[PDB]
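A quick write-up on the structure given underneath.
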Amino acid sequence: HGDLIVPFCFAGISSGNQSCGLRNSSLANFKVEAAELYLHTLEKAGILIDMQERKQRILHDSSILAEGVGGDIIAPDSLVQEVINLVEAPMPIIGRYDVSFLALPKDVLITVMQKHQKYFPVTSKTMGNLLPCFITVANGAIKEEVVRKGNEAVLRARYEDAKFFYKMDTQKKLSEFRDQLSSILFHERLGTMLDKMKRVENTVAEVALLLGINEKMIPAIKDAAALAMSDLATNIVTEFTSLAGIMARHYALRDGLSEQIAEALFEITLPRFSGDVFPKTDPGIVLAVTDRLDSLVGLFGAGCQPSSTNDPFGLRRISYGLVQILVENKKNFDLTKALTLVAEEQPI
Amino acid sequence: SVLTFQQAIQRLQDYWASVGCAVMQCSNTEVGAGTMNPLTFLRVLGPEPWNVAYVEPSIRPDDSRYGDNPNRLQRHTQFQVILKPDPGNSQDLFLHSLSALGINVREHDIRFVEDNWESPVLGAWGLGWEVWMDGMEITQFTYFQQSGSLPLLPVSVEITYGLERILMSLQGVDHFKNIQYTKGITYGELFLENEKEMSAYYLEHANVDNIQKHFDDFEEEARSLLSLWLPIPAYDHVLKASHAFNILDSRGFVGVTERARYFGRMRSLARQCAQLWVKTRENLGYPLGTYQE
Amino acid sequence: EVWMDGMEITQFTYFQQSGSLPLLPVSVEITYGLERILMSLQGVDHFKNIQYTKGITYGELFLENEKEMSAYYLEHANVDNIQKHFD
Amino acid sequence: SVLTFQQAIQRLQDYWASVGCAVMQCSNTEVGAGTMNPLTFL
């Protein structure tokens with residue numbers, strides 16, 4: 001306060017007039033003579049103390065580094081908000097990796113870059129696919145060559161595992177994976193996922209009639225549930241949990257099926273998180289509502305009503321997804337008539 | 001020059017021997033990780049000073065991949081450091097040791113990323129970070145908070161070095177067999193005998209007739225020994241009881257309903273065994289010392 | 001065996017046969033009995049009086065795995081399980 | 001000074017590491033002696 005110090009001790013520490021900057025730096029610990037000359041001292045030690053100021057120095061250099069290769073960065077809010085609060089003095093560095101990893105799906109490279117190492121993907125302005133570049137953020141004053149040479153060796157080590165898993169996972173078509181999903185349990189009283197899928201494919205016909213969808217589209221629906229939610233037993237989804245739902249669509253598209261069933265396979269999980277998109281194709285709505293109703297009825301059959309705090313299975317999220325799908329799509333429904341039909345095929 | 005594997009140990013031991021830690025030998029029974037050693041789980045409980053650094057192999061049959069995947073092995077060597085009480089230089093001594101190992105700090109991005117460790121098998125948790133060095137996760141740092149069921153007093157600091165990847169990232173190799181143990185010999189030509197045969201045994205030749213009848217026998221023997229106020233052998237049997245469950249999981253003959261039963265039995269045995277060491281040591285008067293304030 | 005002022009501290013042996021095969025070439029084995037070297041060098045008379053490090057001793061941290069083990073090996077080792085684990 | 005137990009190992013290892021020997025870890029299973037280790041018998 002001003003020139004004199006406020007004497008008070010907290011947690012066995014006496015307040016004084018010393019503050020430490022960057023570790024191993026020249027200003028290991030400095031003495032502030034007056035409280036007026038404080039914010040000027042920290043920026044003399046290189047620390048960008050302001051929370052919002054670091055964003056305008058991260059995103060002002062990440063874009064500048066992009067034009068060297070003629071591209072742009074991808075900046076999700078949930079990624080930059082966490083990258084900002086991990087660095088005391090940001091410094092962006094670009095790096096390269098081999099092009100042979102472009103054969104992988106577009107949504108695998110992005111997931112690996114953004115969920116484990118927290119890098120920045122680079123997309124070209126023209127032909128807007130991925131590019132063999134990435135942007136990372138160092139911390140402090142570090143040698144430029146060493147960080148890149150030691151960081152690309154990790155980025156090209158993750159992709160070897162990813163490509164091996166993908167190659168081993170595309171040896172057989174998606175049909176065979178529907179049998180070996182029994183290793184994933186749904187509920188101790190209900191069973192695994194195979195029984196859930198059989199119940200869904202059995203009860204989809206009635207729900208497709210309650211919503212009033214035309215009979216001419218009833219065959220394709222009966223086939224979609226034949227391969228519905230089969231990606232959960234694949235290899236690329238065993239460790240990449242966030243990819244569940246879309247890899248099924250990719251496998252179905254590669255297998256050589258119609259485009260009216262891949263969308264239904266993909267849109268069986270929407271919405272996945274708050275703010276995500278909603279189903280927009282008619283055959284996918286039936287599968288989504290059938291899955292929600294079956295998951296609600298089965299879990300309420302064992303009496304597992306969540307309280308206000310604990311979420312054993314997040315039944316509130318499922319109900320909120322169901323009502324959002326029903327309302328934001330303008331479809332007539334009868335809840336008390338569909339619930340009885342859904343509960344009919346329950347084992348107990 | 002380039003650092004070798006057999007002298008990184010010599011640099012990580014003579015350093016912690018100067019701070020004040022007492023270096024000891026490795027475990028005896030096959031430990032499924034680096035924490036279940038009796039030199040760390042049973043000794044953090046109770047108010048006595050304890051500063052120990054040692055090196056131990058860790059065997060995990062569930063991560064067996066025939067010794068081909070350059071990241072996952074069935075036997076990896078770890079370095080463990082336990083400090084109690086924390087002297088206040090907890091994360092400065094670590095950086096000094098890292099500098100003394102042979103790598104520089106001024107030219108490498110050494111950062112801490114938060115990560116909360118928790119293990120329901122033995123009932124422990126805490127708060128800590130993992131150390132990123134140019135994107136590689138090489139070290140776990142953790143302030144403990146609870147072991148078994150007792151609350152820690154005073155809390156302890158655990159530093160775990162994953163020593164197999166530090167040199168794999170420092171030398172510049174791409175595979176794991178390319179690690180050099182010493183000047184003249186390599187790691188991938190003498191530590192694959194205990195890799196290939198062990199992977200084959202853990203994958204498709206582990207006779208499951210004997211494991212499911214050794215598990216309950218070990219559990220009952222541990223309970224009987226614990227009922228006689230014999231703590232050390234009672235806990236020793238728990239390690240070889242918990243190894244059988246992992247080897248059963250490796251083969252794939254454990255269903256999704258018996259998992260809860262096995263975890264409950266093991267955690268109950270560990271809980272009732274842990275609270276006996278504290279009662280055993282208090283009658284001796286705490287010869288090592290006592291902590292106050 | 002190497003005698004140092006009457007103490008037997010080391011075994012030195014040229015091998016000749018292992019299992020049933022004859023050794024080729026023969027090997028040299030040197031075995032240090034390390035618990036008595038310091039017991040004779042420092043000047044102590046008991047074994048617990050050995051000092052492990054500057055500040056701590058050997059007889060205050062390596063008797064837990066001694067007294068409990070001796071009791072187990074003497075009169076509490078349940079022989080029902082050993083004779084069926086051996087075979 | 002007087003030799004201590006935890007540095008006799010440090011003097012008996014750094015010596016044999018200069019002749020050319022390769023120092024390794026101890027056994028795993030309870031060995032009844034110092035010869036039955038798989039690093040010497042086999």
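Chains as they are written, first to last, in the working numbering: chain A, 1 to 348; chain B, 1 to 293; chain C, 1 to 87; chain D, 1 to 42. Ideal Cβ positions, reconstructed from N, Cα and C, are used throughout, including at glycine.
Per DSSP, B/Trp277 has no beta bridge partner at all. With fewer than 16 other CB atoms across the displayed protein chains lying within 10 angstroms of its CB, B/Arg106 is exposed. Looking only at B/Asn207, B/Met136, B/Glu48 and B/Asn246, the smallest Cα-Cα distance to B/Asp86 is reached by B/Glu48. Judged by pairs of C-beta atoms under 8 Å, the segment 64-82 of chain A touches the segment 119-137 of chain A, as three or more such pairs exist. Proximity of C/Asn49 to chain B, defined by a Cβ-Cβ separation below 9 Å, is not satisfied.
For A/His116, no beta strand (DSSP E) encloses it, and the DSSP letter there is neither H nor E. Remark: C-beta atoms of A/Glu263 and A/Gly284 approach each other more closely than 9 Å.
A direct Cα-to-Cα measurement between C/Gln17 and C/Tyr32 gives close to 21 Å.
Across the structure, A/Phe273 and A/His40 are spaced so that their CA atoms are roughly 43 Å apart. Under the three-state reduction of DSSP, C/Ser70 is assigned to helix.
If the five residues before and after B/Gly34 are omitted, its C-beta is found closer than 7 Å to the C-beta atoms of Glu56, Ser58, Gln78, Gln80 and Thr160, all from its own chain and listed in chain order.
Excluding sequence positions up to five before and after A/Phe177, its CB lies within less than 8 Å of the CB of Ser230, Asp231, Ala233 and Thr234, all in the same chain and listed in chain order. Proximity to C/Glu35 across C/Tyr58, C/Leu21, C/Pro22 and C/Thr13 peaks at C/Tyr58, based on C-alpha coordinates. Using a Cβ-Cβ cut-off of 9 Å, D/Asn37 does not count as an interface residue toward chain B, since no Cβ of chain B sits closer than that to its own.
At a cut-off of 9 Å between beta-carbon atoms, D/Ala17 makes no contact with chain C.
In this structure, B/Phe218 lies near B/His237, with their beta-carbon atoms less than 9 Å apart. Contact check for B/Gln74 and B/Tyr202: beta-carbon distance about 7 Å, within the 8 Å limit, so the pair qualifies. Taken through DSSP and simplified to helix, strand or coil, B/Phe79 comes out as strand.
For A/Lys196, the number of other beta carbons within 10 angstroms of its own is at least 16, and it is reported as buried. Ranking C/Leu24, C/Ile37, C/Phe12 and C/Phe15 by CA distance to the CA of C/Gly6 puts C/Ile37 first.
Boundaries of the alpha helix (DSSP H) around A/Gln56: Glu53 to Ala66. Contacts between D/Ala8 and chain B, judged by CB atoms closer than 8 Å, are missing: the closest CB pair is about 13 Å apart. Boundaries of the beta strand (DSSP E) harbouring B/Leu127: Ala124 to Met133, taken from the DSSP string. Between A/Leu326 and A/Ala224 a beta carbon distance of about 20 Å is seen, past the 8 Å cut, so the two are scored as non-contacting. With distances taken between CA atoms, C/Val79 lies nearest to B/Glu221 out of B/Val254, B/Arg259 and B/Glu221.
A/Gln18 does not reach chain B, its nearest Cβ partner there being about 16 Å away, counting only Cβ pairs nearer than 9 Å. Between the segment 271-282 of chain B and the segment 85-99 of chain B, the count of C-beta pairs closer than 8 Å stays below three; the two stretches do not touch. Counting only the Cα atoms, A/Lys125 lies some 24 Å from A/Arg156. For B/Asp249, the enclosing alpha helix (DSSP H) covers residues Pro231 to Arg251. Counting along the chain, the unbroken beta strand (DSSP E) around A/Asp72 starts and ends at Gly71 to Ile73.
For C/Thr53, DSSP records a beta bridge to C/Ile56.
Put simply, the segment 42-59 of chain A touches the segment 14-32 of chain A. At least three CB pairs are less than 8 Å apart. Taking each of B/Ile138, B/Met24 and B/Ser99 in turn and checking the Cα distance to B/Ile82, the smallest one comes out for B/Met24. According to the DSSP secondary-structure assignment, B/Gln7 is paired through a beta bridge with no residue.
With contact defined as three or more Cβ pairs closer than 8 Å, the segment 137-148 of chain A and the segment 177-189 of chain A are not in contact. A residue is called buried when at least 16 other Cβ atoms come within 10 angstroms of its Cβ; A/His250 meets this threshold and is buried.
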